[PDB]
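Participant: This block holds the first chain(s) of the complex, placed as they are in the complex; more will follow:
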Amino acid sequence: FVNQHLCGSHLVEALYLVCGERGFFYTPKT
Amino acid sequence: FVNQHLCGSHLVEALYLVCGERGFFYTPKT
Amino acid sequence: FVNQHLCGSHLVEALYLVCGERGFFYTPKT
Amino acid sequence: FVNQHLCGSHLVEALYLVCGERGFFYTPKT
Amino acid sequence: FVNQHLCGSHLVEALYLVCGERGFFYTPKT
Amino acid sequence: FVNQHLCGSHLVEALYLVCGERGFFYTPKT
Amino acid sequence: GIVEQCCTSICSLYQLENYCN
C-alpha cells in the first residue's frame, strides 16, 4: 500500500475503508 | 420534509460534517 | 453543529446533507 | 456503452461536475 | 472482522486509496 | 460542459462519471 | 424529475446539463 496525503473528509473516507465495520474513532487536535 | 437514509461512507461523511473538530466515533457493531 | 470550511464538491455534499430532499440551489459567483 | 444510475449524493456530485460555475438546482420533489 | 462491499464510485475511491501514484485500471466489463 | 480543476480522489471521481462502465485507466506521473 | 430521469432510470452527462443554471 502507498503512503497518503489526507485532509478533511478525505481522511474519514480512508478510515472507513481501512476499518469498515470494526468502526473507528476520528480524533482531531483541539 | 422527512429525514434521509445515511449508510456506509455517506454516514461517516455526515458525521464529519456535524462533528468536525470535536471528532466522532463510528461504531456499527454497537 | 460546528463551522465549516468547504470548497468545490465538498460544499455540494454539505448542501445535500443539510437539505436532502427539499433540494437546494448551488449558486457560485460568476 | 449504456448510461449509469446516479442517486443522492452521487447525483449532486455529477451535477457539480457538469455545471460547475454555472451552478445548478437539485430538486427531487419535482 | 469480515470484508466490505465496494461498488461504483466507492470502489474507484478505494482503488485510488490503495494504488495512489502507482495508478490503476477500473474495468467493470472484465 | 465546463472546465475542471481536479486533484486527488476528485479526478478519479470525474473519470468514473465520464466513463462508467467502459472503465478507465488512472495513470499519474511517477 | 431528475431522480426519475437519472436515479430510477439512467441518464447521460448531457441530460444532466438540463439542471444547470
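Facilitator: Good, I have the coordinates. Numbers count the residues shown, from 1 in each chain, chains lettered A, B, ... in the order given.
Participant: Spatially nearest residue to the closest residue to chain C within chain A (excluding sequence neighbours)?
Facilitator: Here chain A gets closest to chain C at one residue, residue A:9, 6.3 Å apart by Cβ to the nearest Cβ. Quick note: C-beta positions are derived from backbone N, CA and C, even for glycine. With sequence-adjacent residues excluded and distances taken as Cβ to Cβ, 6 or more residues apart in numbering or on different chains, residue A:9 is closest to residue B:16, at 5.4 Å.
Participant: mind listing what that neighbour touches?
Facilitator: A:8-9, A:12, A:26, B:24 (Cβ atoms under 8 Å, 6 or more residues apart in numbering or on different chains).
Participant: could I get these as JSON lines with neighbour count?
Facilitator: Below are those laid out as JSON lines (neighbours: other Cβ atoms under 10 Å in any protein chain shown):
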{"residue": "A:8", "neighbour count": "14"}
{"residue": "A:9", "neighbour count": "19"}
{"residue": "A:12", "neighbour count": "21"}
{"residue": "A:26", "neighbour count": "18"}
{"residue": "B:24", "neighbour count": "18"}
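Participant: got JSON lines for these, with distance to residue G:13 too?
Facilitator: Formatted as JSON lines, these follow (distance: Cβ to Cβ, whole Å):
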{"residue": "A:8", "distance to residue G:13": "27"}
{"residue": "A:9", "distance to residue G:13": "24"}
{"residue": "A:12", "distance to residue G:13": "28"}
{"residue": "A:26", "distance to residue G:13": "34"}
{"residue": "B:24", "distance to residue G:13": "35"}
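Participant: Further, place chain H onto the existing structure:
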Amino acid sequence: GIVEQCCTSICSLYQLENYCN
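Facilitator: Chain H now in position relative to the chains above:
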C-alpha cells in the same frame, strides 16, 4: 446503534450529533 438509527431507519443531523466526541 447508528446504523439502525441512521441507515436502516432515518435520522436527523441533530441525531448525528449523538456520536460526536
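Participant: Surely residue G:7 is in a strand?
Facilitator: No: counting by DSSP: H, G, I helix; E, B strand; the rest coil, one finds residue G:7 to be helix, located in no strand.
Participant: Do any residues in the helix ranked longest in chain G lie close to chain E?
Facilitator: Taking DSSP state H as the criterion, chain G has its longest helix at helix G:13-16. No: shown here: helix G:13-16 not in contact with chain E (Cβ under 8 Å from any Cβ of the partner chain), separated by at least 14.4 Å.
Participant: So which residues make contact with that helix?
Facilitator: D:6, D:14-15, D:17-19, F:1, F:17-18, G:5-6.
Participant: which one of the residues you listed is nearest chain E?
Facilitator: Closest to chain E, out of all of the contacts of helix G:13-16 and judged by Cβ to the nearest Cβ, is residue F:17, at 7.9 Å.
Participant: Next, residue A:16: secondary structure please.
Facilitator: Strictly by three-state DSSP, residue A:16 counts as helix.
Participant: do you know how far it is from residue E:5?
Facilitator: 13 Å (Cβ to Cβ, to the nearest Å).
Participant: And for residue A:1?
Facilitator: Counting by Cβ to Cβ - residue A:1 and residue E:5 are separated by 20 Å.
Participant: Can I get the buried part of the contacts of helix G:13-16 as one ChimeraX selection?
Facilitator: Those of the contacts of helix G:13-16 that count as buried under 16 or more other Cβ atoms under 10 Å in any protein chain shown are selected in ChimeraX with:
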select /D:6,14,15,17,18,19 /F:17 /G:5,6
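Participant: add chain I to the structure above:
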Amino acid sequence: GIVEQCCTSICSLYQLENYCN
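Facilitator: Chain I now in position relative to the chains above:
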C-alpha cells in the same frame, strides 16, 4: 456569496440551510 464564503472563510450549516428549496 455562500459558495465563496464557505471556501475562503467559514460557514455554518444554518447559513447553508438558506439555500434549500
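Participant: With chain I now part of the structure, what is the answer for the contacts of helix G:13-16?
Facilitator: Residues from elsewhere that reach helix G:13-16 (Cβ under 8 Å, 6+ apart): D:6, D:14-15, D:17-19, F:1, F:17-18, G:5-6.
Participant: got the buried residues for that helix?
Facilitator: G:15-16.
Participant: Just give me how far it sits from the chain centre.
Facilitator: 6 Å (Cα atoms, centre = their mean, to the nearest Å).
Participant: thinking again about what came up before, can you list the contacts of helix G:13-16 in TSV and add distance to chain E?
Facilitator: Below are the contacts of helix G:13-16 laid out as TSV (distance: Cβ to the nearest Cβ, whole Å):
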residue	distance to chain E
D:6	9
D:14	9
D:15	14
D:17	11
D:18	15
D:19	18
F:1	18
F:17	8
F:18	12
G:5	18
G:6	14
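Participant: Report the entries of these that also contact chain C.
Facilitator: D:15, D:17, D:19.
Participant: need the contact list for the second one.
Facilitator: Neighbouring residues of residue D:17 by Cβ under 8 Å, 6+ apart: C:9, F:4, F:13-14, F:17, G:13.
Participant: quick one: which of those residues is nearest to residue H:17?
Facilitator: Nearest to residue H:17 among those is residue C:9, at 23.8 Å by Cβ to Cβ.
Participant: Does that closest one touch residue D:14 like I think?
Facilitator: No: Residue C:9 is beyond contact range of residue D:14, at 10.1 Å (criterion: Cβ atoms under 8 Å).
Participant: Enumerate the residues of chain A near chain B.
Facilitator: A:8-9, A:12-13, A:15-17, A:19-28, A:30.
Participant: Now do the phi/psi pair for the closest residue in space to residue A:14 that isn't next to it in sequence.
Facilitator: Nearest non-adjacent residue to residue A:14, counting by Cβ to Cβ, 6+ apart: residue A:6, 5.4 Å away. Reported as degrees, to the nearest 10, the phi and psi values for residue A:6 are phi -140, psi 120.
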